[PDB]
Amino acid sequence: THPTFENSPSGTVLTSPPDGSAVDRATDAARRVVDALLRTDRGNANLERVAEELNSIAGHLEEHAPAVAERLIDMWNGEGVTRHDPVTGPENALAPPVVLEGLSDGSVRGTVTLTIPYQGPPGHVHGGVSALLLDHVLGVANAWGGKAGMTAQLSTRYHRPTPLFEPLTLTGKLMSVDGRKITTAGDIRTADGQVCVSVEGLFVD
């Protein structure tokens, strides 16, 4: 059922495709609000009414629950790539979101340009955000490699500053399997190819 490097063409989009909704347009607008709040003038007296508006909007959203809830994909249990997660979730305003494709050699790849909510050192991506993105990519690389495992250990190494506001290439690949034990590796590079962050993860199942 789930797409893997053996049953799907190279370039198969693994994350959720744009559908033109609706809720995705609203989530994009929320992401835009999140960005703007970090840049806005904090002395703006209008922020009082803006908070009322945002709270009003949230109240509306809360009062409109879906009649039939969509299932949550447990990717780490072999159910396919997740759609609700804080890295790639289209309806998750925490997610950039990252778009990922599976390639013929077993690797998974995407490019993301990150913005100020993701900031740690001035002008650069928080080292923890780099870890979050890489963790998720390894999960997707495992799905695409036809394997499933619970995260056991992540070892992240930081080589060069990771900048905001420019294209970062995320890549992951399942490297080996020994029984229940899966080893997966990935990195984040700038457009010139230089590695900023790399990771080795160990998984079980």
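Quick note: we count residues from 1 along the sequence shown, nothing fancier.
Between the stretches 104-112 and 67-75, it is 67-75 that shows the larger average CA temperature factor. Of the two segments examined, 76-84 and 95-103, it is 76-84 that shows the higher average Cα temperature factor in the deposited entry.
Per the deposited record, the Cα B-factor of residue 192 falls in the lowest third when ranked against the other modelled residues of its chain. When the modelled residues of the chain are ordered by C-alpha B-factor, residue 185 sits in the lowest third.
Among all modelled residues in its chain, residue 31 ranks in the lowest third by Cα B-factor. Per the deposited record, the Cα B-factor of residue 154 falls in the highest third when ranked against the other modelled residues of its chain.
For residue 51, the recorded CA temperature factor ranks within the middle third of the chain's modelled residues.
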